[PDB]
Ligand SMILES: [Mg+2]
Ligand SMILES: [Mg+2]
């Protein structure tokens, strides 16, 4: 349920967190850079090009936004339930994603 | 519980809705003007100076953000459960608050 608010609150470890409508859900931004997406009541983290290609080769699938039969494959991967139980770990995952998003 | 998400969706008619860390919670902005705040799992609406002054005289208390003994009194008043349960009316209240803020 309160996944959006709980995500934004957790990631304040990265400074001010901003959100706006992105890809059918809500994007999360730090330092003017999107690093996360909350959609289908699930937290997703941004994989850079290299990470996303690898993930796909290894059988993982990113979130896809659809409208009237037009799909948009995103760079956003649903996190595991276990990661949520691991607050500091998840914070580090977001920090690394934000870092890769800025490169 | 997803007050924030629900609120961001509810207020889509007012303008483009964005949120950000504000005053210990999350501020809601319509085309760059803040009109609401989600904190303490409750939606709060912005009262302009006149409204807030009247409210305090009339025994109502705004949300106060506090860190390490430093309190910051805000202009944000918690809505009633009845108003939260009355979607169209809440949109109009937010719309007025936004007008008052501009
Ligand atoms: Mg990239
Ligand atoms: Mg929420």
*State whether one or more residues within segment B:80-91 are loosely packed, with under 13 Cβ neighbours inside 10 Å and within 13 Å of the chain's Cα centre (by Cα).*
yes
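Would you call residue A:90 in contact with a helix residue (DSSP H, G or I) (Cβ under 7 Å, 6 or more places away or on another chain) and over 25 Å from residue B:38 (Cα atoms)? Talk me through it step by step, then tell me what you get.
Working: in contact with a helix residue (DSSP H, G or I) (Cβ under 7 Å, 6 or more places away or on another chain): yes; over 25 Å from residue B:38 (Cα atoms): no.
Criteria not met by residue A:90.
Can you pull out the residues in segment A:1-15 that are more than 7 Å from every other protein chain (Cβ to nearest Cβ) and part of a helix (DSSP H, G or I)?
So in segment A:1-15, the residues more than 7 Å from every other protein chain (Cβ to nearest Cβ) come out as A:3, A:6-7, A:9-11, A:13-15.
Of everything in segment A:1-15, those that are more than 7 Å from every other protein chain (Cβ to nearest Cβ) and part of a helix (DSSP H, G or I) turn out to be A:3, A:6, A:7, A:9, A:10, A:11, A:13, A:14.
Out of all the residues in segment A:16-26, which are part of a strand (DSSP E or B) and within 10 Å of chain B (Cβ to nearest Cβ)? Walk me through how you get there before you give the answer.
Within segment A:16-26, the subset part of a strand (DSSP E or B) is A:18-22, A:25-26.
A:18, A:19, A:20, A:21, A:25, A:26, listed by residue number.
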*Considering only segment B:55-102, give the strands (runs of 3 or more DSSP E) lying wholly within it that have at least 1 residues that are closer than 19 Å to residue B:17 by Cα.*
B:76-78
*For segment A:36-54, name all the residues that are more than 12 Å from ligand 1 (Cβ to nearest atom) and not in a helix (DSSP H, G or I).*
A:36, A:37, A:38, A:39, A:40, A:41, A:42, A:43, A:44, A:45
_From the options A:55, A:29, residue that is surrounded by 12 or more Cβ atoms within 10 Å (Cβ to Cβ), within 14 Å of another protein chain (Cβ to nearest Cβ), without any contact (Cβ under 8 Å) to a residue 40 or more places away in the chain and away from ligand 2 (no atom under 15 Å from the Cβ)_ = A:29
*Report, by residue number, each residue of segment A:1-24 that is within 18 Å of residue A:73 (Cα to Cα), more than 16 Å from ligand 1 (Cβ to nearest atom) and either touching a residue at least 40 places away in the same chain (Cβ under 8 Å) or surrounded by 23 or more Cβ atoms within 10 Å (Cβ to Cβ) (or both).*
A:24
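A short reminder: the numbers here are calculations on the coordinates, not readings from a lab. We place every Cβ from the backbone using ideal geometry, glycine too, and count neighbours over all the protein chains shown.
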